[PDB]
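Scroll down for the structure; my scribbles are underneath it.
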Amino acid sequence: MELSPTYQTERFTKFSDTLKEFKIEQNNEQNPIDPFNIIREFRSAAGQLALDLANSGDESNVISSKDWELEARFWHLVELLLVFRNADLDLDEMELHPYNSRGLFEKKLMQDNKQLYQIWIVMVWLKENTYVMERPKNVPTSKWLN
Amino acid sequence: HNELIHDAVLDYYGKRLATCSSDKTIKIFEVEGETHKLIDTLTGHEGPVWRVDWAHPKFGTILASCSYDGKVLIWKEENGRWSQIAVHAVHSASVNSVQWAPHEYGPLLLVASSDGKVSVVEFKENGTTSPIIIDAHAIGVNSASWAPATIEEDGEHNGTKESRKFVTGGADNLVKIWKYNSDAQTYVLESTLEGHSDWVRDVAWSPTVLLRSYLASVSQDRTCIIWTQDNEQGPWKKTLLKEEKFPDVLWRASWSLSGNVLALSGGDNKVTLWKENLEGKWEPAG
C-alpha cells in the first residue's frame, strides 16, 4: 500500500531472486526446469514482505502488510488452479448402478465437469480464512424453571 | 346521530377520519372539519370501541381496531371496500390501545392489554411473526403509544441498543420507556417514574424536541406530569403542567405536529391548550 524507501529495495531483491533461481535450474544439471516453481517462490516472498512491513513499527506499513498478505494468498490460489489445468482431467471412476448411495453420484459428477472442481477449491480457500464463531452471545436468564 | 364521541383520529393524507364510538361501530368518515361524509360502517366487535389507528403509508392504510373483546380485528379496504385481513388474540383481557409504529420502526403493531401484558408483532401479507412479548406494569396497560424516533448505533453495525422504544402506562401509577435489548432476555426496564397516586390514563410523546424529550403522562389524579429528559438521554425530571388538582377529569393529552402545544381534554368539555411559560413550568394559552 504505502511504499517506504527501505522496503522497496527488498521488494525488488526477493522477487529478482525468484527469477535468478529459475535461470539457475536451466544451467543446472541436477534440477528440473518447471514453471510452477516460479509462482511458488513468489508466494513465499509476498508473505515475508508483509511481515517485514509489520515489524518496522510504522503504522503506515502495517496498512501495507494487510495488502501484501492478500497478494500472498492470491498466489496460493493461483498455483492450485494452474496445476489443475495442466494436469488433472479425470478423477478415479465410480460405479453407475442406480442402487448406489448419493455419494457415488456426487463423485462421478466431479469427474465430468472440472469447472465446479475449480469452484470448490476457491470455496475452500474462503472458508479457511473465515473463522468458526465463539461461544453464544446471549444465554438463557434461567427460563422454564420459573 | 351519535350522542357521544369518545375519541376520533385521522389518516395520513387528511381526507379520512375514523370515529371510535361505543355502539361497537367504527365509522369511517371523510374529514371536512365538523361535517363528514359517512362512507363506511364496520360493526363487528364487543362493547365500547376504545381505540382505532391508521397505518403509516408504506404498510398500507390498514385500520387496526380494538374493543372490549380483547382482540385486534384489523380491517383493510380490499377492492375499494372493507373486509377483515387479520385477527390477533395472543393477549385477551380487553385491548385498550392499538397503534402503528413510525415509518423507520416498521409495520410494528403495538398491542397493550389490561392483563399486564403487551405484545409487539409485525404485519405480513405472507404471514409469520415471531411472538415477542414483554411485561409492562401488572394491573394493566390502559394506553400505549410509540417512542419518538429511531436512533443510530454507529460503528460497523447499526440498530444495536435503544432502537424501537416502547412507552406504556399501567394502572399502578408507573410511566417509563424501554430499550430493546438482545443480550439480556426480556426488555431491560429503564427507570420507574412514580409520580402518580391514581391510575395512568393516556401517554403521548412530543414529535417536536429541542434539547429535551417531553412525555405527557396523564392520570386520574387530575394533573399531567411532563417528563423532561434533561438532555434527551439524561434522567427524567419532574416538571409540572399544573401543580394543583384541576376540577376537570383529564383523559387524552395529545401534542401537535409542530411545537410543544399540548391539548388536555377537561371533564367540563373544555380542551385547554398549554404552552410552556416564562419559566420551566406551564401556563395556559387558552
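Ordering of the C-alpha cells sets the chain letters (A, B, ...), residue numbers begin anew at 1 in every chain, and ligands are numbered from 1 in the order given.
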Item to check | Interface residues on chain B facing chain A, 9 Å, only C-alpha atoms, written as a PyMOL selection string | outcome: chain B and resi 182-186
Selection export as a compact mmCIF listing (two decimals), in the first residue's frame, atoms kept: N, CA, C and O atoms:
```
# COMPACT_ATOMS: atom_id res chain seq x y z
N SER B 182 -30.83 -7.23 23.19
CA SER B 182 -30.66 -8.51 22.52
C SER B 182 -29.65 -9.37 23.26
O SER B 182 -29.17 -10.38 22.74
N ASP B 183 -29.34 -8.98 24.49
CA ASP B 183 -28.29 -9.63 25.26
C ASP B 183 -28.69 -9.81 26.72
O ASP B 183 -27.84 -10.05 27.58
N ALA B 184 -29.98 -9.70 27.01
CA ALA B 184 -30.47 -9.85 28.37
C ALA B 184 -31.94 -10.25 28.47
O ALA B 184 -32.72 -9.58 29.14
N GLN B 185 -32.30 -11.35 27.81
CA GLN B 185 -33.67 -11.87 27.84
C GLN B 185 -34.72 -10.80 27.53
O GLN B 185 -34.70 -10.20 26.46
N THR B 186 -35.62 -10.56 28.48
CA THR B 186 -36.69 -9.58 28.30
C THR B 186 -36.18 -8.14 28.26
O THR B 186 -35.09 -7.84 28.75
```
Checklist entry - as a ChimeraX atom specification, which residues of stretch 14-90 of chain A does DSSP assign to helix (DSSP H, G or I)? => result /A:14-27,36-54,59-85
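Relative to atom CA of residue B:6, atom CA of residue B:282 is found at 26.8 Å.
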Item to check | Exercise: residue B:286 partners within 10 Å, only C-alpha atoms, chain neighbours under 3 positions left out, as a list in words | outcome: residues 263, 270, 271, 272, 273, 274, 275 and 283 of chain B
Checklist entry - By how many Å are atom CA of residue B:68 and atom CA of residue B:92 apart? => result 8.9 Å
Checklist entry - Got a sec: who's within 8 Å of residue B:118, counting only C-alpha atoms, leaving out chain neighbours fewer than 3 positions off, as number ranges by chain? => result B: 91, 110-113, 133-136, 141
Need to verify the contact set: stretch 51-55 of chain A, 8 Å, only C-alpha atoms, exclusion of same-chain residues closer than 3 positions in sequence. Can you return it as a PDB file with N, CA, C and O atoms, in the first residue's frame?
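The result, stored in selection.pdb:
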```pdb
ATOM      1  N   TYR A   7      12.123  -0.703   2.246  1.00  0.00           N
ATOM      2  CA  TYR A   7      11.407  -1.915   1.991  1.00  0.00           C
ATOM      3  C   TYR A   7      11.208  -2.148   0.546  1.00  0.00           C
ATOM      4  O   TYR A   7      11.186  -3.279   0.150  1.00  0.00           O
ATOM      5  N   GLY A  47       4.444 -13.138   1.112  1.00  0.00           N
ATOM      6  CA  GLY A  47       4.236 -13.359   2.515  1.00  0.00           C
ATOM      7  C   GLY A  47       5.270 -12.803   3.518  1.00  0.00           C
ATOM      8  O   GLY A  47       4.914 -12.191   4.546  1.00  0.00           O
ATOM      9  N   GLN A  48       6.606 -12.906   3.267  1.00  0.00           N
ATOM     10  CA  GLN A  48       7.671 -12.354   4.032  1.00  0.00           C
ATOM     11  C   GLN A  48       7.648 -10.804   4.050  1.00  0.00           C
ATOM     12  O   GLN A  48       7.823 -10.170   5.087  1.00  0.00           O
ATOM     13  N   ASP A  58       5.889   0.933  11.922  1.00  0.00           N
ATOM     14  CA  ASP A  58       5.304   2.124  11.374  1.00  0.00           C
ATOM     15  C   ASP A  58       3.863   1.753  11.126  1.00  0.00           C
ATOM     16  O   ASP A  58       3.618   0.632  10.627  1.00  0.00           O
ATOM     17  N   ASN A  61       2.891   1.157   7.442  1.00  0.00           N
ATOM     18  CA  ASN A  61       3.424  -0.027   6.800  1.00  0.00           C
ATOM     19  C   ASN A  61       2.691  -1.192   7.229  1.00  0.00           C
ATOM     20  O   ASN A  61       2.506  -2.129   6.454  1.00  0.00           O
ATOM     21  N   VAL A  62       2.064  -1.048   8.381  1.00  0.00           N
ATOM     22  CA  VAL A  62       1.034  -2.011   8.950  1.00  0.00           C
ATOM     23  C   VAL A  62      -0.122  -2.094   8.022  1.00  0.00           C
ATOM     24  O   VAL A  62      -0.585  -3.184   7.742  1.00  0.00           O
ATOM     25  N   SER A  64       0.206  -1.550   4.787  1.00  0.00           N
ATOM     26  CA  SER A  64       0.662  -2.308   3.573  1.00  0.00           C
ATOM     27  C   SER A  64       0.711  -3.765   3.707  1.00  0.00           C
ATOM     28  O   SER A  64       0.451  -4.501   2.743  1.00  0.00           O
ATOM     29  N   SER A  65       1.019  -4.172   4.967  1.00  0.00           N
ATOM     30  CA  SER A  65       1.175  -5.540   5.383  1.00  0.00           C
ATOM     31  C   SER A  65      -0.129  -6.422   5.110  1.00  0.00           C
ATOM     32  O   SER A  65      -0.076  -7.552   4.631  1.00  0.00           O
TER      33      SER A  65
END
```
Checklist entry - From the list B:42, B:69, B:152, B:56, which residue is nearest residue B:84 when using only C-alpha atoms? => result B:42
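Residues with any atom within 10 Å of residue A:77, counting only C-alpha atoms and excluding same-chain neighbours fewer than 4 positions away, are residues 43, 72, 73, 81, 82, 121, 122 and 125 of chain A.
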Non-local contacts of residue B:143 (6 Å; only C-alpha atoms; under 3 positions in same chain excluded) as an mmCIF file with N, CA and C atoms, in the first residue's frame:
```
data_model
loop_
_atom_site.group_PDB
_atom_site.id
_atom_site.type_symbol
_atom_site.label_atom_id
_atom_site.label_comp_id
_atom_site.auth_asym_id
_atom_site.auth_seq_id
_atom_site.Cartn_x
_atom_site.Cartn_y
_atom_site.Cartn_z
ATOM 1 N N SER B 97 -55.326 0.015 23.746
ATOM 2 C CA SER B 97 -54.794 0.722 22.659
ATOM 3 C C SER B 97 -54.556 -0.091 21.439
ATOM 4 N N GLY B 169 -48.252 2.650 29.901
ATOM 5 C CA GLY B 169 -48.832 3.240 31.093
ATOM 6 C C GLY B 169 -49.846 2.327 31.753
ATOM 7 N N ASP B 202 -53.492 8.323 29.686
ATOM 8 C CA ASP B 202 -53.021 8.496 28.257
ATOM 9 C C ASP B 202 -51.542 8.946 28.340
#
```
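For the pair atom CA of residue B:166 and atom CA of residue B:178, the interatomic distance is 5.5 Å.
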